[PDB]
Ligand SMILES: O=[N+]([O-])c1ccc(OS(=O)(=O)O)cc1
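For reference, the chain that follows is the form solved without 4-nitrophenyl sulfate, supplied as structure tokens.
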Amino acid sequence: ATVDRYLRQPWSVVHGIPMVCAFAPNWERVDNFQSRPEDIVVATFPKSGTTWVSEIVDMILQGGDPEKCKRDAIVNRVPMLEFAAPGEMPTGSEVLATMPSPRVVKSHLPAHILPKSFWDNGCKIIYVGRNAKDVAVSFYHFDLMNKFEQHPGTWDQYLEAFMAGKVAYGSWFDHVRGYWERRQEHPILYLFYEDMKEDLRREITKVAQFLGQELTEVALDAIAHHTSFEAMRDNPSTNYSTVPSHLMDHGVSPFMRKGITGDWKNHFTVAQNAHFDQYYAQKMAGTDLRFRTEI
């Protein structure tokens, strides 16, 4: 009721970055967020594998036992730093204040507005990047179903906004390059969604090592089995089916939508693809960061 006036509103702006309308009021709760050195941040541009990696991390911290990951939904096990639903739920920052170390913190904030406390405390950041074409498709369908978002209109107009960095959380180009460069002065494990599709066990192993956790072969296989797309799609703890329909209309588009690399080929027109490829090449010249659009 009270949150309704924030839903389906145009983006607000915080520190020059487009922001979900409901999340933007009382930004100081974010700017002044009190982190701990043991915090683990799962940071992504939206729709790049946040939930996937969050479940992997929580599974690793539970020793590979899926029962401890079924006791609550992932939205509560891994709170989103900047989440807010004024008048209906506590903010993510308030929920995190009460959680025991090691806290797992999800965020989509670009590196330059991630709260300074994280950088000062050297907090381990696991960043996940995904190729921009698949991200755009996933984010468009997410905005169709998620009522916190401004309505995206048609796909062609959404794609123009995406390429120009007008969507919530800003420019994908700036986001992925910012955390790629920031690893110079901070402990960051920079993962690729496409690598995880190619060889999930290889990436789980890298996450475990970054976190200092040793996995038996049995625990590694258990985590890989429980973090397949099919498993996470059918798991009520990870598939977001417990979110009220007035916030996420799962009938419009499910959260666990397709889970592949290359769905952009089913949405980009021949013209859109050529135009996107030409712009992307200009915007990504001068970084060594590279993404795969097919595996």
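Don't overthink the numbering: it's just position in the shown sequence, from 1.
Student: Should the higher mean CA B-factor in the entry be assigned to 169 to 177 or to 101 to 109?
Tutor: Per the deposited B-factors, the answer is 101 to 109.
Student: With reference to the PDB entry, specify whether the mean Cα temperature factor is higher for 143 to 151 or for 82 to 90.
Tutor: In the deposited entry, the stretch with the higher C-alpha B-factor mean is 82 to 90.
Student: Identify, among 204, 219, 135, 164, the residue whose C-alpha carries the highest B-factor in the deposited PDB entry.
Tutor: Top of the list by C-alpha B-factor: 219.
Student: Sort 235, 261, 253, 54 by C-alpha B-factor from the entry and give me just the highest.
Tutor: Comparing C-alpha B-factors across 235, 261, 253, 54, the maximum falls on 235.
Student: So where's residue 157 on the chain's Cα temperature factor ranking, which third?
Tutor: Lowest third - that is where residue 157 ends up once the chain's C-alpha B-factors are sorted.
Student: Could you look up the Cα B-factor of residue 20 in the entry and say which third of the chain it sits in: lowest, middle or highest?
Tutor: For residue 20, the deposited C-alpha B-factor lands in the lowest third.
Student: Lowest, middle or highest third: where is residue 50 by Cα B-factor in its chain?
Tutor: As the PDB entry reports it, the C-alpha B-factor of residue 50 lands in the lowest third of its chain.
Student: If you rank the chain by CA B-factor, which third does residue 223 end up in: lowest, middle or highest?
Tutor: Answer is highest: the recorded C-alpha B-factor places it there.
Student: Could you tell me which third, lowest, middle or highest, the C-alpha B-factor of residue 195 occupies within its chain?
Tutor: Answer is middle: the recorded C-alpha B-factor places it there.
A second form of this protein, the form solved in complex with 4-nitrophenyl sulfate, is not displayed here; the remarks below concern that form.
Student: Is residue 133 close enough to touch 4-nitrophenyl sulfate in the deposited bound form, meaning at least one heavy atom pair within 4.5 Å?
Tutor: Judged by the heavy-atom cut-off of 4.5 Å, residue 133 is in contact with 4-nitrophenyl sulfate in the deposited bound form.
Student: Output the sequence-ordered list of residues from 258 to 295 with at least one heavy atom within 4.5 Å of 4-nitrophenyl sulfate in the deposited bound form.
Tutor: Contacts from 258 to 295: 276, 277, 280, 291, 293.
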